[PDB]
Amino acid sequence: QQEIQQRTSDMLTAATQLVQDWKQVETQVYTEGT
Amino acid sequence: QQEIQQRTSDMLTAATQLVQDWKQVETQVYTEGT
Amino acid sequence: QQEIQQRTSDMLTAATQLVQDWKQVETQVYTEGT
Amino acid sequence: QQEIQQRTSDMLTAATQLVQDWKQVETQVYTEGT
Amino acid sequence: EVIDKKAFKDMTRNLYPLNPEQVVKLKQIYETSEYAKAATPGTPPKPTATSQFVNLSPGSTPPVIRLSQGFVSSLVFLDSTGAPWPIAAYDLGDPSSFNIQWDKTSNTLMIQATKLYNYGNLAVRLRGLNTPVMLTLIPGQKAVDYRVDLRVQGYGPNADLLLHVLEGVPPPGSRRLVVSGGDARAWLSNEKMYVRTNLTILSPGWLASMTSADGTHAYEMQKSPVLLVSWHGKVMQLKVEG
Amino acid sequence: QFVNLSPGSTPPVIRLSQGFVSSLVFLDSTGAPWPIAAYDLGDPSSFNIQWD
Amino acid sequence: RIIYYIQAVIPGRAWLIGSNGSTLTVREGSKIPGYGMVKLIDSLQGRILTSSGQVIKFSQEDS
Amino acid sequence: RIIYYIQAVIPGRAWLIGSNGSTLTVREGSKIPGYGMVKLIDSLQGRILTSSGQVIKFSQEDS
Amino acid sequence: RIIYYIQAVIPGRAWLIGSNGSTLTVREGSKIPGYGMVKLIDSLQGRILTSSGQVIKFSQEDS
């Protein structure tokens, strides 16, 4: 019972780190060549 | 009973070292010239 | 038998000194003459 | 007994002097003339 | 006077606390750790090369490319006739996972995967081709395609197998022919016997022949299980099967 | 070694070791020299190339 | 019959090439001629099975 | 017959050369003509064990 | 026959030059003409121990 909250936080911090990774959709680049 | 957690911390430091050693990727290089 | 650990200390400093010497090798040089 | 350490420490000073005398190598010079 | 010997030994031990064979073992330990780090868990992929054809048919499935992180693939575009086609422009979605060095006059793409297991696609527009070509690029396969050649249904601004045989490469589609009595490389694909040697065929007469500047000869003929070859003033006879 | 251009063949493999200079001079089957237009290198940190 | 070999295997989708060279992409809900449907696709190790029970795998030449 | 010698050794894959010069690479599960198949690949000691009771070593001249 | 002499000695491997003059790198596992098999190599003082009971050392003219 007292072990849940320390097991909560590291789960919480890592998943917030994980869930922010699935936000970035980087733009592409059209490169011309001649 | 305390040795386990200090060796755990030392292995955590080594693991962080290994993951920053395996995360990066060197790029290619290109060289021309007549 | 606490007499062990002081000899472990300076050996660790000496070995870690050598392990960065053995880690790096400076790169080659190229020269020329026409 | 207590006579060893000051008989050891001065020998450590001369030895730590003597190693870098053995370490370094003086670079040659090539003198081209005309 | 033995106090001097004791102090000298203590000075020696405290100066150099490492035995030389312990130093050697620690060097081997460092090399073992380097092997541990540089070891790749799982399975290294098989290095391969490939050549496909890309179609303009709307019902056709688009081509896919096996890739590897930290290894650069070379993409070469040819037409239906195999002539090279220079590239006008290209577009790469997700530029973090992939980088590409491309000389603007060239037609070959050096594509390197940067991320681990994220797939994307590449859009290519050629000089004479109006239709964009889209290739799906997936990293981390068990066969790493070092060099990919791609035929296209069109034709570029530029507009054979016997010479490839004369080089030494076996022709495509042919089946293996085993000879008897001599050292010659033979093939059959369209019931026409193709032979490569350094010697000279004598009996059946060559339908078409070619040779290189070193002394290698290639001939094409019809089917004949028995051949006669004369060299150095002496005549010998050889046979094949099938 | 021989250099092949068929897709089913295998690319050549070169042994190296750390702290050494391996010299690669590129010729043909006829032994003539052939100049290199360009080259691409992976991991330039771990592999160093000098080329006039 | 034409033997199918795996081209690209990911979770969800799969890519096959026939022995003649018939390029195709499938998923779990798919129709394979001469072999039935697909019942299970393992993205790990390329363990792809047909509904009739034949196993489609990579080439032994390309492993 | 046809003789094989090790050209390059890594963990996982293996590179060999032919008596006629035929260079090749093999998997752990790889059925090799003339030698059956590889029972086990060992990166150290330079041993390529086959199911034909034969172990490929390097060229002794070129070691 | 041809009498060999040492020209380069390191730990691990050694080097032998004969009366013909053929410089050869020699390992622990390596045969040798006129001496059989190299039983052991001493990097100290230039001693090469063979299975034939012969020790290759430096020349007396050039040690």
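Each value in this text was obtained by applying a stated rule to the coordinates, not by laboratory testing. In this analysis, Cβ positions are derived from the backbone assuming ideal geometry, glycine residues included, and neighbour counts consider all displayed protein chains.
Quick notes on this structure:
- Of all chain G residues, the one whose C-beta is nearest the axis that brings G onto I, in angstrom: G:10, 74
- Sorted from shortest to longest, the distances between the residue G:22 label points of this copy and the other copies are 3.2, 6.1 nm, with each point 7 Å from Cα along the line through the beta carbon.
- Kirkwood estimate for the protein assembly as shown, i.e. one over the average of 1/r between Cα atoms, Å: 31.6 Å
- Ranked for footprinting exposure by Cβ neighbours inside 10 Å, fewest first, E:66, H:1 give H:1, E:66.
- Only one residue of G:5, E:146, G:55 has its Cα farthest out toward the positive end of the dipole of the protein assembly as shown, where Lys and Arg carry +1 and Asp and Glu -1 on Cβ, and that residue is G:55.
- Reachable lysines from residue E:25, criterion Cα separation under 19 angstrom, eight or more residues apart if same chain: C:23, E:37
- Helices in the protein assembly as shown, meaning DSSP H runs of at least 4 residues, each add -39500 (n - 2.57). Divided by all residues, the mean residue ellipticity at 222 nm is -6000 deg cm²/dmol.
- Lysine pair count for the stretch E:103-242 [Cα-Cα under 23 Å; pairs on different chains or 8 or more apart]: 4
- Copies compared at residue D:3 - label distances in nm, ascending, label defined 7 Å from Cα in the Cβ direction: 2.1, 4.2, 6.3
- A Cβ-based charge dipole, computed about the Cα centre of the protein assembly as shown with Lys and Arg at +1 and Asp and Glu at -1, lands at about 2800 debye.
- The residues packed around residue C:9, meaning those with a beta-carbon under 15 Å from its beta-carbon, carry a net charge of 0 if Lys and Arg are +1 and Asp and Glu are -1.
- In nanometres and ascending order, the distances from the residue H:60 label point to those of the other copies are 3.3, 3.3 (point 7 Å from Cα along Cα→Cβ).
- Candidate cross-link partners of residue H:57 among the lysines, defined by an alpha-carbon separation under 17 Å and a same-chain spacing of 8 or more, comprise H:39, I:31.
- Charge context of residue H:38, other residues only, Cβ under 12 angstrom, K/R +1, D/E -1: +3
- Rounded to the nearest 20 debye, the dipole magnitude of the stretch E:1-85 is 220 debye, with +1 charges on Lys and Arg beta carbons, -1 on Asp and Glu beta carbons, and the Cα centre as origin.
- Förster radius 45 Å - calculated FRET efficiency between residue E:237 and residue E:130, Cβ distance, rounded to 0.05: 0.15
- Taking only the Cα atoms of chain G, the ratio Rg/Rh comes out at 0.91, with Rh defined as the Kirkwood radius.
- Candidate cross-link partners of residue E:5 among the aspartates and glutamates, defined by an alpha-carbon separation under 20 Å and a same-chain spacing of 8 or more, comprise D:3, D:10.
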